[PDB]
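Each remark here refers to the structure printed beneath this line.
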Amino acid sequence: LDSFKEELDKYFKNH
Amino acid sequence: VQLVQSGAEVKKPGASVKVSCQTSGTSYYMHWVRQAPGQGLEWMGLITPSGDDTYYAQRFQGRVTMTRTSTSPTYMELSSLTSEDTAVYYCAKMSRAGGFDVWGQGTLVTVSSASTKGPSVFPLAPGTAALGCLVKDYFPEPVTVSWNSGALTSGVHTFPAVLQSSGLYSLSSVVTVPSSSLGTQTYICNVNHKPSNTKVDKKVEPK
Amino acid sequence: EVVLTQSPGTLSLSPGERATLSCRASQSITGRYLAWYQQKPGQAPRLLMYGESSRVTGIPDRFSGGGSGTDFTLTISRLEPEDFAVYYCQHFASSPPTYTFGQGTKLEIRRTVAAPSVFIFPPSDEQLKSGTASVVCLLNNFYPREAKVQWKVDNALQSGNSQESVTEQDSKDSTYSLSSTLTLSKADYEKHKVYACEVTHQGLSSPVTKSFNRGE
């Protein structure tokens, strides 16, 4: 399962 | 990783405050969380490991700014302050799992129309006897109270301050001692109010 | 946004017993997005566990948890003195980034009933010179925390002119102490003779009144 940091990184990469 | 914040601040309504958070010495997502006296925790927002972007809690959007170069301390600036912004402000490091694994020591920010003022200290006069000191009408928090310069610790209760309708704080500190000691011992409460650079030492005697 | 509601507000248990702390989310979540924190007086909170019982490094085995959907629990199985504290749950989302906290549960030590020892203090002559009189009633080393303090001035019940403060639970005997401070102008103070605080508490078979006659 992806880490929360990975989720946050993806958010900021695309916003 | 240890996080060290800047010192306490006192502000008038409408002003702004800027608090710093320094990694004592990998970069990480950094968050800010505040806690009003006696209340719960409130998240304010986060800043990325590089500092190139932020995201704030809805309640603070338009009022808060989080900044980091790369290896500079990180700052949180809160504008248009009101008395509702009185709280301890914490910075925190996020772990990869999303929880806050390292916290700063907190920075108290007091927002009030009141002005800094040292306390007035009054005796609370006494097989067990109770005696104390009333620490009245100071601003802002905090005060410290010791007894006999720290030589008396057993049986001491220093109460949490209350905010009076005047905008000034007050608390009491009490100690219980053997009634027999009232003739062989002298009791003095040592009150330190660092925000006003005031210290008061008040002897408490049977009246 | 997710809203977290904790229950109970206060939990009172003895060392060695099992504590069950609840956190309810306003919508169904995966427990990977929930974290639990411990906070003691004067300190920052400390991360304990994620919603799925996964503990962080250094957290003892007696901390566990469980849940899925809207209901989550933190369980502390054999309570130690160092476990009594305030506990918060926290939820996080990444899109858009959003964290929230429950309102906290206080986990306090249950011990046997202990009646307060009561003391009354008149205002100092020094304070009276300044135009204000503070009269202080002290309730010392009692359990449980709930207590009732009434002020009577010349047998007239007072309302609206007193404030209470309570200490944190004592680390050694698990009692509380409480102050009640009556504030009067000097002029009102010197118009009356008898100042009394009357205390009701689980450990008292009849209310305890301490009083003085102003100027004796």
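Identifiers for the structure tokens are assigned positionally: chains receive A, B, ... in sequence, residues are indexed from 1 per chain, and ligands are indexed from 1 in the order shown.
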**Message:** Please identify all residues of chain C having at least one atom at most 6 Å from any atom of chain B, considering only C-alpha atoms, and return them as a ChimeraX atom specification.
**Reply:** /C:47,103,121,167
For chain C versus chain A, which residues have an atom no more than 12 Å away, and what is each residue's nearest atom pair and distance in Å rounded to one decimal, using only C-alpha atoms, chain-then-number order, as JSON lines?
{"residue": "C:30", "atom": "CA", "partner": "A:1", "partner_atom": "CA", "distance": 11.9}
{"residue": "C:32", "atom": "CA", "partner": "A:4", "partner_atom": "CA", "distance": 8.7}
{"residue": "C:33", "atom": "CA", "partner": "A:4", "partner_atom": "CA", "distance": 8.2}
{"residue": "C:34", "atom": "CA", "partner": "A:4", "partner_atom": "CA", "distance": 11.2}
{"residue": "C:91", "atom": "CA", "partner": "A:4", "partner_atom": "CA", "distance": 11.6}
{"residue": "C:92", "atom": "CA", "partner": "A:4", "partner_atom": "CA", "distance": 8.8}
{"residue": "C:93", "atom": "CA", "partner": "A:4", "partner_atom": "CA", "distance": 8.4}
{"residue": "C:94", "atom": "CA", "partner": "A:8", "partner_atom": "CA", "distance": 5.2}
{"residue": "C:95", "atom": "CA", "partner": "A:11", "partner_atom": "CA", "distance": 6.2}
{"residue": "C:96", "atom": "CA", "partner": "A:11", "partner_atom": "CA", "distance": 7.4}
{"residue": "C:97", "atom": "CA", "partner": "A:8", "partner_atom": "CA", "distance": 7.3}
{"residue": "C:98", "atom": "CA", "partner": "A:8", "partner_atom": "CA", "distance": 10.5}
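Here atom CA of residue 188 of chain C is placed at a distance of 9.2 Å from atom CA of residue 132 of chain C.
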**Message:** Which residues are close to residue 201 of chain C, i.e. within 10 Å by only C-alpha atoms, leaving aside same-chain residues fewer than 2 positions away? Reply as number ranges by chain.
**Reply:** C: 113-116, 142-149, 199, 203-208
**Asked** Neighbours of residue 23 of chain B within 8 Å (only C-alpha atoms; same-chain residues fewer than 3 positions away dropped), as a PyMOL selection string?
**Response** chain B and resi 1-4+73
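Across C:85, C:187, C:128, C:139, the tightest approach to residue 106 of chain C is made by C:85 when counting only C-alpha atoms.
As for atom CA of residue 153 of chain C and atom CA of residue 197 of chain C, they are spaced 8.9 Å apart.
Inside segment 45-190 of chain C, the residues DSSP reads as alpha helix (DSSP H) when given the backbone are residues 125, 126, 127, 128, 129, 186, 187, 188, 189 and 190 of chain C.
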Suppose we keep N, CA and C atoms; can you now write the selection as a short mmCIF file (atom, residue, chain, number, x, y, z; two decimals), in the first residue's frame?
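What ended up in result13.cif:
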data_model
loop_
_atom_site.label_atom_id
_atom_site.label_comp_id
_atom_site.auth_asym_id
_atom_site.auth_seq_id
_atom_site.Cartn_x
_atom_site.Cartn_y
_atom_site.Cartn_z
N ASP C 125 -4.90 42.88 54.44
CA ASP C 125 -5.04 44.32 54.59
C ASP C 125 -4.37 45.06 53.44
N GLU C 126 -3.23 44.57 52.97
CA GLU C 126 -2.56 45.18 51.83
C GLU C 126 -3.47 45.22 50.60
N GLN C 127 -4.12 44.10 50.27
CA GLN C 127 -5.02 44.13 49.12
C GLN C 127 -6.16 45.12 49.32
N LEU C 128 -6.74 45.15 50.52
CA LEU C 128 -7.87 46.04 50.77
C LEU C 128 -7.53 47.50 50.47
N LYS C 129 -6.29 47.91 50.74
CA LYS C 129 -5.86 49.27 50.43
C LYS C 129 -6.07 49.60 48.95
N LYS C 186 -13.86 46.69 47.76
CA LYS C 186 -13.59 46.99 49.17
C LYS C 186 -14.84 47.49 49.88
N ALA C 187 -15.64 48.32 49.20
CA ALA C 187 -16.82 48.90 49.84
C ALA C 187 -17.84 47.82 50.20
N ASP C 188 -18.10 46.90 49.26
CA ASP C 188 -18.99 45.78 49.56
C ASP C 188 -18.42 44.90 50.67
N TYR C 189 -17.10 44.68 50.66
CA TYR C 189 -16.50 43.81 51.66
C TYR C 189 -16.72 44.36 53.06
N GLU C 190 -16.48 45.65 53.25
CA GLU C 190 -16.53 46.26 54.57
C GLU C 190 -17.95 46.53 55.05
#
**Item:** Spatial neighbours of segment 2-13 of chain C, 9 Å, only C-alpha atoms, chain gap at least 4 places, as JSON, numbers by chain
**Value:** {"C": [17, 18, 19, 20, 21, 22, 23, 24, 25, 26, 27, 28, 29, 79, 86, 88, 89, 90, 91, 92, 93, 98, 99, 100, 101, 102, 103, 104, 105, 106, 107, 108, 109, 110, 111]}
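Our summary of the geometry notes that atom CA of residue 37 of chain B is positioned 27.4 Å from atom CA of residue 72 of chain C.
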Check segment 37-130 of chain B with DSSP on the backbone and list each residue it calls strand (DSSP E or B), as a PDB file with C-alpha atoms, in the first residue's frame.
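Generated file (selection36.pdb):
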ATOM      1  CA  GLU B  42      -6.311  22.324  15.775  1.00  0.00           C
ATOM      2  CA  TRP B  43      -4.363  21.717  12.558  1.00  0.00           C
ATOM      3  CA  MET B  44      -3.320  24.828  10.623  1.00  0.00           C
ATOM      4  CA  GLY B  45      -1.562  23.570   7.476  1.00  0.00           C
ATOM      5  CA  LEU B  46       1.620  22.069   6.080  1.00  0.00           C
ATOM      6  CA  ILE B  47       4.634  22.980   3.942  1.00  0.00           C
ATOM      7  CA  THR B  54       1.898  24.877   1.098  1.00  0.00           C
ATOM      8  CA  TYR B  55      -1.667  23.941   1.928  1.00  0.00           C
ATOM      9  CA  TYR B  56      -3.663  25.460   4.768  1.00  0.00           C
ATOM     10  CA  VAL B  64      -1.715  32.266   7.504  1.00  0.00           C
ATOM     11  CA  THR B  65       1.581  31.928   5.640  1.00  0.00           C
ATOM     12  CA  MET B  66       4.159  29.138   5.924  1.00  0.00           C
ATOM     13  CA  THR B  67       7.659  29.683   4.541  1.00  0.00           C
ATOM     14  CA  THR B  74      10.432  27.327   8.747  1.00  0.00           C
ATOM     15  CA  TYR B  75       8.081  30.126   9.767  1.00  0.00           C
ATOM     16  CA  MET B  76       4.368  30.435  10.387  1.00  0.00           C
ATOM     17  CA  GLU B  77       2.858  33.922  10.138  1.00  0.00           C
ATOM     18  CA  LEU B  78      -0.714  34.550  11.277  1.00  0.00           C
ATOM     19  CA  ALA B  87      -2.902  29.474  21.995  1.00  0.00           C
ATOM     20  CA  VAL B  88       0.283  27.442  22.069  1.00  0.00           C
ATOM     21  CA  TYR B  89       1.527  27.012  18.483  1.00  0.00           C
ATOM     22  CA  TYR B  90       3.421  23.802  17.670  1.00  0.00           C
ATOM     23  CA  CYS B  91       5.450  22.815  14.665  1.00  0.00           C
ATOM     24  CA  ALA B  92       5.669  19.117  13.895  1.00  0.00           C
ATOM     25  CA  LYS B  93       7.469  16.706  11.572  1.00  0.00           C
ATOM     26  CA  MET B  94       5.365  14.256   9.566  1.00  0.00           C
ATOM     27  CA  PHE B 100       3.341  13.696  13.545  1.00  0.00           C
ATOM     28  CA  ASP B 101       6.349  11.902  15.025  1.00  0.00           C
ATOM     29  CA  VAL B 102       8.438  14.868  16.271  1.00  0.00           C
ATOM     30  CA  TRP B 103       7.012  18.050  17.815  1.00  0.00           C
ATOM     31  CA  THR B 107       5.275  28.815  21.342  1.00  0.00           C
ATOM     32  CA  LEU B 108       2.665  30.665  23.383  1.00  0.00           C
ATOM     33  CA  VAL B 109       1.002  33.567  21.557  1.00  0.00           C
ATOM     34  CA  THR B 110      -1.275  35.768  23.677  1.00  0.00           C
ATOM     35  CA  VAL B 111      -3.597  38.158  21.830  1.00  0.00           C
ATOM     36  CA  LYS B 117       1.942  43.963  33.850  1.00  0.00           C
ATOM     37  CA  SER B 120       0.559  41.900  42.950  1.00  0.00           C
ATOM     38  CA  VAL B 121       1.222  39.179  45.520  1.00  0.00           C
ATOM     39  CA  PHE B 122      -0.835  38.874  48.699  1.00  0.00           C
ATOM     40  CA  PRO B 123      -0.540  36.417  51.597  1.00  0.00           C
ATOM     41  CA  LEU B 124      -3.127  33.710  52.233  1.00  0.00           C
ATOM     42  CA  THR B 128      -1.967  20.657  59.595  1.00  0.00           C
ATOM     43  CA  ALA B 129      -1.993  24.307  58.518  1.00  0.00           C
ATOM     44  CA  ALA B 130      -2.647  25.702  55.043  1.00  0.00           C
TER      45      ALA B 130
END
**Asked** Could you pull the residues within 10 Å of residue 209 of chain C, counting only C-alpha atoms, minus those fewer than 4 positions along the same chain, as a PyMOL selection string?
**Response** chain C and resi 118-120+149-152+196-200
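Taking only C-alpha atoms into account, chain A lies nearest to B:48 out of the set B:148, B:61, B:165, B:48.
Within 12 Å of segment 59-62 of chain C there are residues 16, 17, 18, 19, 20, 36, 37, 38, 46, 47, 48, 49, 50, 53, 54, 55, 56, 65, 74, 75, 76, 77, 78, 79, 80, 82 and 83 of chain C, counting only C-alpha atoms and ignoring same-chain residues fewer than 3 positions away.
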